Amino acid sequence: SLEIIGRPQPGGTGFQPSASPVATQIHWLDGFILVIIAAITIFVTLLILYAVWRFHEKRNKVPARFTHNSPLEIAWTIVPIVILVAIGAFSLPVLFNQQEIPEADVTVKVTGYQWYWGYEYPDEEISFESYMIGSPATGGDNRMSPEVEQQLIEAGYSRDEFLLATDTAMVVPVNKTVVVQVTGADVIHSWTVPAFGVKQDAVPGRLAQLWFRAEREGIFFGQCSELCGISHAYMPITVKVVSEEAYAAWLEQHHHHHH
């Protein structure tokens, strides 16, 4: 079966695994910025703790009177500027790569509804809706139950994927450029998949684009990311990334043969 990859893990402190070149760039850039901001924070903290230890009233009974130090005041304006410029230098190329939409191998149009997602593959004339396993649409009321657990198991999951798993998945071929066009039907929703490094608001009246190329097969989950009412917590996203051949098989399963 498919490996569950794009999901949170117990006690996790880092990003979800990367499954796209874009997600990998985010991981690298955030790792870079984190080292810098940790250094800064540790620096500021050590300076404070030192000053308190060194110039505590029981140690230094006579305070100084200076209110200026030009060499230092220049250095602590200029150095933050350099650091920010360094961050920008690495950050802008990543941003440009994220937001420049390449040519699509697969095109999917996604619509956010209260409270579920609709998917259309215009090249394939496929259209379907995707509800949380446990949603009222599937007979539930947004909580775990013996039926919901059985439903999760039948669909290839476990009770651990509750709130992530949907009844239908957006299926795509591995190593192909997928362009997703996102809009909202009623209020604003937001479509995202952490493993791919993508997120785009689903705004009524607007069609926005994002892209990803998945680099391994498996199952990847996201969750609606703009508050949209009572079931905001209960309209997740499942993307299954499969072989070119398994993707065709899934397309044919949707093909109607009317005479």
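Note that residue numbering follows the sequence shown and begins at 1.
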Q | Mean temperature factor over C-alpha atoms, higher-scoring stretch between 184-192 and 154-162 | A | 154-162
Q.
Please compare 168-176 with 71-79 and say which has the higher mean C-alpha temperature factor in the record.
A. 71-79
(Q) Quiz for you: based on the deposited Cα B-factor, which of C228, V198, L49, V203 is highest? (A) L49
Q: Quick one: classify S135 as lowest, middle or highest third of the chain based on its Cα B-factor.
A: lowest
Q) When the modelled residues of the chain are sorted by Cα temperature factor, does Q114 land in the lowest, middle or highest third? A) lowest
Q: Would you mind checking where the Cα B-factor of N142 ranks among the modelled residues of its chain, as the lowest, middle or highest third?
A: lowest
Q. If you rank every modelled residue in this chain by C-alpha B factor, which third holds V62: lowest, middle or highest?
A. highest
(Q) Quick check for you: using the entry's CA B-factors within this chain, is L34 in the lowest, middle or highest third? (A) middle
